[PDB]
């Protein structure tokens, strides 16, 4: 597929970008290798892990299949660990997720799904409940895109008061 940056652990600290490029080019073309470094003191030192960006996802998977938990590099006591880099993270759930406050305690997960469905696809909806199963009068709602979330907010924040509630419904991005 298209380009992707992988994070790789259990790389010997003595390996440089050049040793790494040779290892990963066995599985697919490599756009870039970047050894994570520690510069707290002299000299700079490898942190025993690197980023490799492959041109294609197919390459990245082929390398993963061949290496992850599979190959133990010279002097290591655990095999290579490889996964997409944190910087590759896209729709972090935490930025499509809404806190819904001041809902009726009789509100069901399905009631909320219904209330917010007209704004997009809801991937998850959960009512916070105490130990006795009683609603805490609030929920979490995750849309597939942040843009849906933002649309729900504009239209639903404080737009009405629900039964037993002392103030209008609260709709905002979750903490």
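Positions refer to the first chain, counted from 1.
The deposited model assigns a higher average Cα B-factor to 143-151 than to the other stretch when 143-151 and 59-67 are compared. Taking the PDB entry as given, 68-76 carries the higher mean Cα B factor of the two stretches 68-76 and 98-106. Residue set 130, 44, 28, 137: peak C-alpha B-factor at 130 (per PDB entry). Per the PDB record, residue ranking by Cα B-factor puts residue 54 in the middle third of the chain. Sort the modelled residues of the chain by CA B factor and residue 171 lands in the lowest third. The PDB entry assigns residue 34 a C-alpha temperature factor belonging to the middle third of its chain's modelled residues.
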